[PDB]
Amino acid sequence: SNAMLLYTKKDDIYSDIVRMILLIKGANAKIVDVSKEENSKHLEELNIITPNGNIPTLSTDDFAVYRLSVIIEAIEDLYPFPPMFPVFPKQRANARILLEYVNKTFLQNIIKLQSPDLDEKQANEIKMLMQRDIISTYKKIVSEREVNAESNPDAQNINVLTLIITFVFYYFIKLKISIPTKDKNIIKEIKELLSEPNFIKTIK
């Protein structure tokens, strides 16, 4: 039944992302920090139900799913309320194409940066590649959210790509990476994003 166990690790950006989606839905979420020694018996379980100990994994008696697009849609299947995605199919496709870019360019790289055996030169090329786009990207996430909100004022849904870009920021701060802009307005907004209640409930 509803024995939803969400395997996560510490400082993993994907877990933190998922955990704030489960928080938004209301999901009965038995979180499991497989980073702690105590949960050694769960990590044993996880290397069985998934191929490579994939973190995060969202498991129940019925399934065990990994990958971030999968999980996010899974959550929307199990917890329709409130709506994570837009309603027009075109807008849904776009959110999906954007979410792919944010994952390849930022999430995936944020992870490569947590690798202890990383070359200090390579790690600096990553950190920079990120700065280079973080802004242009942010704009797109915005333009898109602006469209999906007006085209339906009665629907009132939560932009998942704004929720994610918020964690990209947190992890900039977290990796001493700098958000290259002097736009006092943009800055105003990035502060607001980190200032939202559900976000402060998560990282806490």
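Note that residue numbering begins at 1 and tracks the sequence as displayed.
As the entry records it, the average C-alpha temperature factor is higher for 34-42, out of 34-42 and 140-148.
Mean CA B-factor, 85-93 versus 103-111: the higher value falls on 85-93. In this entry, the residue among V70, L58, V160, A27 with the greatest C-alpha B factor is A27. Annotation for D117: C-alpha temperature factor in the highest third relative to the rest of the modelled chain, per the entry. Among all modelled residues in its chain, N52 ranks in the middle third by Cα B-factor. Sort the chain's modelled residues by C-alpha temperature factor and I173 lands in the lowest third, per the entry. Residue-level temperature factors show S15 in the lowest third of its chain, judged at the C-alpha atom. Among the modelled residues of its chain, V65 has a C-alpha B-factor that falls in the lowest third, as given in the PDB entry.
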